[PDB]
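Residue numbers (the authors' numbering), protein chains in the order written: chain I, 219 to 736; chain A, 219 to 736; chain J, 219 to 736. Cβ coordinates follow ideal geometry from the N, Cα and C atoms, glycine included.
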Amino acid sequence: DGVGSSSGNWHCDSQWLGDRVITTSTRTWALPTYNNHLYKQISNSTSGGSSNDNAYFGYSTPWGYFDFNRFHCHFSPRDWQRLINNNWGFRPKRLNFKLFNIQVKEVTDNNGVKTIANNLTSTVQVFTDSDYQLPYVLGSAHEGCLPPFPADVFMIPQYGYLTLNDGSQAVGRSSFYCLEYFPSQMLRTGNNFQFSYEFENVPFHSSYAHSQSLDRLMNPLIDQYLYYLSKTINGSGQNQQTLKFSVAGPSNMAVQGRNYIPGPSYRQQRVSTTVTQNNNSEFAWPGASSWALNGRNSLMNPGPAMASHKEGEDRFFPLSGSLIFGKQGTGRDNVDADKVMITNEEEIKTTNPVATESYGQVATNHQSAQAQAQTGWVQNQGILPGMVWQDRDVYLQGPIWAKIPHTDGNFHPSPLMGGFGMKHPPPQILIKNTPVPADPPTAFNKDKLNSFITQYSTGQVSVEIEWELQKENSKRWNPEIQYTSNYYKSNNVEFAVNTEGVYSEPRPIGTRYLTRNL
Amino acid sequence: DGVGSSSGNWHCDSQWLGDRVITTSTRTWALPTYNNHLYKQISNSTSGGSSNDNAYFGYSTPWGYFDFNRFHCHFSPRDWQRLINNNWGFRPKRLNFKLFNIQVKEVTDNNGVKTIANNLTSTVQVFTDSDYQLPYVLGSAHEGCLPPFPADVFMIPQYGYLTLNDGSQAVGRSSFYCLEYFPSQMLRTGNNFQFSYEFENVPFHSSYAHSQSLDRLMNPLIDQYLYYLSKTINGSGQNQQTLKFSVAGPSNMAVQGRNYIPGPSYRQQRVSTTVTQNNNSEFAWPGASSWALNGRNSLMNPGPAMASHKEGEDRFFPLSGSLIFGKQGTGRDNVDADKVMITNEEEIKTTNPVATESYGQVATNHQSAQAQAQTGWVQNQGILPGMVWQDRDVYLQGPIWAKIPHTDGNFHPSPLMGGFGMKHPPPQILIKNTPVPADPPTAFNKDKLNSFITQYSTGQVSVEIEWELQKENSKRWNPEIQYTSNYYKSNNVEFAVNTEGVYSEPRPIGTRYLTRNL
Amino acid sequence: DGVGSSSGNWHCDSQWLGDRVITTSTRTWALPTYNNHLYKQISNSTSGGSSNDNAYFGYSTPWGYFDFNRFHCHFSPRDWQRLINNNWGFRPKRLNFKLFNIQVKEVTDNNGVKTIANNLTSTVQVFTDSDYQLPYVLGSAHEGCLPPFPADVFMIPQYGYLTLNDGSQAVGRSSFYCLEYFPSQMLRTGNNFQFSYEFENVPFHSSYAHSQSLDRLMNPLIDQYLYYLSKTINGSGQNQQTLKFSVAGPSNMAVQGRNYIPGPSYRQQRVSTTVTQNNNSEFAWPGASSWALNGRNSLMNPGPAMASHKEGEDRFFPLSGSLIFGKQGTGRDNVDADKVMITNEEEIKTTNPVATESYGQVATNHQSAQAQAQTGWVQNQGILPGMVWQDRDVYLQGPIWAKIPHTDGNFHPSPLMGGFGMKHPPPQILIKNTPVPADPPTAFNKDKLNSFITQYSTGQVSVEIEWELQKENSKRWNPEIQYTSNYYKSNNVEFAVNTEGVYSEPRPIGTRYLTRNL
Ligand SMILES: OC[C@H]1O[C@@H](O)[C@H](O)[C@@H](O)[C@H]1O
Ligand SMILES: OC[C@H]1O[C@@H](O)[C@H](O)[C@@H](O)[C@H]1O
Ligand SMILES: OC[C@H]1O[C@@H](O)[C@H](O)[C@@H](O)[C@H]1O
């Protein structure tokens, strides 16, 4: 419309209907010029680091993008609690996005003091990649998200992508993308932008833990009608061999026949938070579970979902097998365990094998009168018919969704870091403020113009997501575990602002509190 | 209605339509009072046995439940034969249940002689758990089923369940259930009960065996157009290396290219019924294939479906890899092989690996001029794209269905003991005769009344199941294997009553007789 | 609309209809940035002062709010006089609020000389808390109100709130509020804001004084038919005891029977404005009437409404029992009595006990032949059936309304400082100018942006209140006390501007001039 009118309003409310929640968040953003208006080839050679596992080839762009893909973007800690205490499941349904109240500003510097003024005629240009024609960066869990606390003003992250490489070099199959080669909407002060999105059908996340374990499904009062082999020798001596069979029953539960077995396993190395119990050596990379692709070793960071420890073993965690979040103000490199938050998958110990344990034992030979029976430990176990498992839990700090890679086949394409896998996830919103040249020469030159006016833009983003809820039907008599605040005398309220104005999130909050039968 | 009228009739017929069978069974039951009208916390501590694998925590209830979940409940041996000889497949469709002609009886004992009288005003109360809000006990294969022989009167089994535990202790996530906290129908003599159930869509059980093996699918008369590496050395000597390639053809079938491979394997230890061929040692538990869950080892009793032995090896069976049924009158503990019936999965040797064999071999290294080629045995193999398998066979003595555990994911949720997996299986029917207090004090006391009239109830159950049939279309010229009775001079007719009045089932009858092409 | 159009007009008129008055006020405001765009935890620890009575915990916000909650906002001194001379009562009815002609301005400073320019694209955001979901700050009588004189330009006060504390620490029950978590309307130059409000039904304020006292309601000419005990002894001597009864009549009025008694009392310490008559000691805090809450002592500042002094005792006032207003230009701390204005409740001496007196006397024992009759002084008296009282008077300088605390119970929830109590008072209007970032880095950083453009906003506020009037019906023959200006030779007109341009209010003006029968 015009310079004097606001093109949108601040909308942060969240409304709770019966089966649905609608969260709306508004933030203030700032967009710098990136790469001096250039596309740039980037590689580990451009970075200077040399390792085959770390080699890459790609491009950085002048563009930037919006990321609302963490839950704390859409939920207050109080709202998150209302979700996880009262519901068996939730999934996203619809999405609404807005850009409004856009301000482009010119920066003028002369002797070292800078002046900021409005440039009213400058434009910022925006588009969504709806056909998923760009490398999709939102699936990897990166920073640059809308801040969890509504009063914080955030910088928009720079867009870049990777393609095929051999070492630092490219190959003919490597592809280059100019984002100017897409249609984008141009917006001056007084123009606004919006689009809507429908989440494709996904299963509900399971916000519950099981109140039963897969190995105790039976009636403790009744015998099975099935027999197992109890004795193979009549006693001590020579040539003592029998086949004795017993009924499986309450007295021996481990031996009963069962219809279903725990899910797959890929074993992790066990690390103690008590430090004297760890080996004295550097095992971090060497002792790590990894997978190889085209000669590169990728550490298996969030591998298959597994129980992080056995009972009472809480000090133990898998080496890379769990999500690790930083506390507010935590540095980038070589930080103590105190400054990081290690989440645990403990609730899924009912259907899932422990991450640091073998799956089980198998027979490795044929016994005979000559040969004793030999077993071996199953370190990794793929899917078997009759396996049953839970996915990884969801966190208020964690990612909401991921893009399922477009491929001939996949199995159970739930994101291993967590959340909802989608062939067509919420599209990428790419934003850039358009280059404004400085004064060109007065005689013609064919070289592209490398001299521009220093600018940046600010504005507001609204994101609205509808969430479908799955209510708890339970007949459980005794009360249940809920997420609570503790009452006792803190210096600071948790999930509140600091005395210096800093918002922090004291601990990770998982989704799984309510219980179901297994 | 009233004391003098029958509230139902005896209905045992089974009617065979073209595509469907309807089996109806009627039995007479007796219901005791369980637990002295109490709910009781039970654990391995209450049982006194201590092993971490066998530890449990749960509750026993005053309630009891009906189990018709074995096939011999619904099929006579003659009906079972008509099913398995004439049909390629079957599945359950509808279910109808009735309770009628209910009689509550008071037991009076004074000096040690007891008198039984009718209590006409007493009531028995019944409900089905339709929302699956209770721990589901019918999936584990327990005793307490309707007896296979219609003239036998059976005792109703006591209901109980398990929940989470650490050792014998519970955890806050453990859940307690009062069955009085459900609505239930009360029934006096003259009241009857019924409900209907729809089986959710399940695949047909495969009542056939394959007439082809997965490794012979080819035309024996024709060569492939594909080549394999036949020779790696030109001959004996030094520096003799070649690559020689041959056509795969009828002469060498093992090396041909194939589109599909056999199903997954988890290896079992091999045990001989000839006893002198077994090792002299106790390998039963130690040499057993197991899986671990939260620190407990559960023996893998009916693991993935696998051929129980190779050809001519019938004396061999997997250590726990097969269902083991007892003969009539067989004791509970340490019984000889003669008194038990070991079933075999032999028919599936066409698509499935043998339970006691390795899946195959893989390369463990890179060969080179320095290093010879090394292989290793694959003891367990998870699912691979292109695998093809058969499920475990169904038995007249075996379970019909199971409840699929409610979870984020599962694969091929066919019950490993056998039958039809269902998210919503036939619901549990829970029955209890209501407590009738003895004479209370004449001055008020707040304690709950612990003194009751000794009672029990009897009545009849009808169960009606419709089964959908899949007829055989085969073009096979030669006659086929059928299930038969042998003609020769027994002292007793098989599947008949004893001279003392005892009904026995002489052998397990599987489903797989007719054949199909693979 | 646009940059060149005014979005509202100046409206200050007040129109007098028969039963209603409509006051409209327009002011010019200025809004700074508060807290550097931060929320900040604040406590007596952050302030450094330590006393348990003064301990607090809370938050300061970047937001600010409008306060029109004093009468001089809505009434000129002439209008106030027209109200209080002609009417028995008044109450508020409707409310209309407007924000318009909004101007955001950028402040640029380099070498220490600052330049102010218009920022045309900046926005200010406004919302009302209509659901009363925020801590309500307008009830406490704070500064920051619209100035009484229309030509003064006022600064908008900063919003902040308190929550639960133990000492300077918080508790788990303490709650934090982000105001960005509400929907708010954004407004650029050319946008305006308005909303309407309905006062919920409140009683009229009593703008009258009683022309009778509660202890003289009788006919002075007539006797009562009731008797009192006049004599207990026949005379001087031993064993002189009688019961003598007399008629209560005009000669002895104190002893007559009465249907109604004066209202409740909580006694205050008496302080003289003649200073030599006060004790020589510091009794201010020590000799003060207080109430205790959770271990803290809160001085009872405007306690129950009571007559401030007896007749002719005008020099006396309760220690904290009355509202104390400052004269124009009066300092914050340790100011002489000359610079402050002490109001008096004198008019209510008819129905209300004096603040500095005991309520009365009660019997403390049983008299007998052995024991003389003993009485004791009633220092505080709660409500009794048959009590009758007046509320505190209203002042042109005083507060209009208060929010009744949301609670299970309350009694006579009239605000003790004065005015109209409401469960849903006029809502809080919260205003903030939105942060405009300075130029962000050209490489992405995840830290929130702490660098902003210095801004402030100005504009106009209109407030329109309809007041319902209660006209005087009186039959009084003699003329009545009115509020007047004195005619005699001042250097300055009262309620006028200074010679230096300063507006002052010379004295407090109460509401109670006209009289009624009691
Ligand atoms: O040699 C490959 C390297 O890979 C890196 O990811 C790791 O941090 C190094 O310690 C080393 O393992
Ligand atoms: O040590 C665990 C035990 O588990 C039982 O199920 C088994 O019968 C024992 O022989 C032993 O293996
Ligand atoms: O000891 C509590 C204190 O409370 C304050 O409000 C007062 O000004 C002090 O003089 C003292 O009474």
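Kindly indicate the opening and closing residues of the alpha helix (DSSP H) around residue i.
i                     : result
residue 196 (chain I) : No answer is possible for residue 196 (chain I): the residues shown for chain I start at 219 and end at 736.
Any idea if residue i is buried or exposed, counting beta-carbon neighbours within 10 angstroms, 16 or more meaning buried?
i              : result
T494 (chain I) : exposed
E565 (chain I) : buried
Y484 (chain A) : buried
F713 (chain I) : buried
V344 (chain I) : buried
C396 (chain I) : exposed
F411 (chain I) : buried
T660 (chain J) : exposed
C291 (chain A) : buried
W281 (chain I) : buried
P697 (chain A) : exposed
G475 (chain J) : exposed
Hey, quick one: how far does the beta strand (DSSP E) through residue i stretch, first residue to last?
i              : result
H292 (chain A) : No beta strand (DSSP E) holds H292 (chain A); the alpha helix (DSSP H) holding it covers 289 to 292.
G282 (chain J) : 275 to 283
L235 (chain I) : Here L235 (chain I) belongs to no beta strand (DSSP E), and DSSP marks it neither H nor E.
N651 (chain J) : 646 to 651
Beta-carbon within less than 8 Å of residue i's beta-carbon, same chain only, minus the 5 sequence neighbours each way: which residues are those?
i              : result
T460 (chain A) : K449, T450, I451, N452
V572 (chain J) : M524, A525, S526, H527, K528
For residue i, which residues from the same chain have a beta carbon less than 6 Å from its beta carbon, with the 5 sequence-adjacent residues on both sides left out?
i              : result
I479 (chain A) : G604, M605
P643 (chain J) : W619, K621
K311 (chain I) : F417, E684, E686
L382 (chain A) : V389, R391, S392
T246 (chain A) : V371, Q678
Give me, in chain order, the residues of the same chain whose beta-carbon lies closer than 7 Å to that of residue i; leave out the 5 immediate sequence neighbours on both sides.
i                     : result
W595 (chain J)        : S576, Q579
residue 159 (chain A) : Not covered by the structure: residue 159 (chain A). The range shown for chain A is 219 to 736.
Using a Cβ-Cβ cut-off of less than 9 Å, give me the residues of the region 372 to 399 of chain J that come near chain I, in sequence order. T381, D384, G385, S386, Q387, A388, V389, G390, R391, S392, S393, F394, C396, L397, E398, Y399
Residues within the region 569 to 585 of chain I neighbouring chain A, beta-carbon criterion of under 9 Å: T569, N570, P571, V572, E575, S576, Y577, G578, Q579, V580, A581, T582, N583, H584, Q585
Threshold first: 4 residues or longer. Then list the alpha helix (DSSP H) segments lying entirely within the region 238 to 269 of chain A, N to C. 262 to 265
Residues of the region 259 to 283 of chain A in Cβ contact with chain I at a cutoff of 8 Å, in chain order, please. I260, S265, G267, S269, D271, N272, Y274, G276, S278
Beta strand (DSSP E) segments (min. 3 residues) lying fully within the region 368 to 432 of chain A: 371 to 373, 376 to 381, 403 to 405, 411 to 416, 426 to 428
Quick one, which residues of the region 595 to 607 of chain I are near chain A if we go by CB-CB under 9 Å, in chain order? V596, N598, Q599, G600, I601, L602, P603, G604, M605, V606, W607
When Cβ atoms are compared, which residues of the region 231 to 261 of chain J fall closer than 9 Å to chain I? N253, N254, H255, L256, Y257, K258, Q259, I260, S261
Any C-beta of chain J within less than 7 Å: which residues of the region 319 to 347 of chain I qualify? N319, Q321, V325, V331, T333, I334, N336
For the region 642 to 661 of chain J, which residues have a beta carbon sitting closer than 9 Å to at least one beta carbon of chain I? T652, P653, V654, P655, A656, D657, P658, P659, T660, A661
Tell me which residues of the region 398 to 424 of chain J have at least one Cβ-Cβ distance to chain I shorter than 7 Å, keeping chain order. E398, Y399, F400, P401, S402, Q403, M404, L405, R406, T407, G408, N409
Can you check the region 432 to 477 of chain A for any beta strand (DSSP E) of at least 3 residues that lies completely inside it and give the ranges in chain order? 445 to 449, 462 to 465
Residues, ordered as in the chain, of the region 658 to 684 of chain J that lie near chain I by beta-carbon distance below 7 Å: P658, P659, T660, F662, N663, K664, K666, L667, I671
Can you give me, in chain order, the residues of the region 512 to 523 of chain A that have a beta carbon less than 9 Å from any beta carbon in chain I? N512, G513, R514, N515, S516, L517, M518, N519, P520, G521, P522, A523
Would you mind listing the beta strand (DSSP E) stretches within the region 324 to 357 of chain J that are 3+ residues and don't spill past its ends, in chain order? 332 to 336, 342 to 347
Using a beta-carbon distance cut-off of less than 9 Å, what residues from the region 706 to 730 of chain I approach chain J? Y706, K707, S708, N709, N710, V711, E712, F713, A714, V715, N716, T717, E718, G719, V720, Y721
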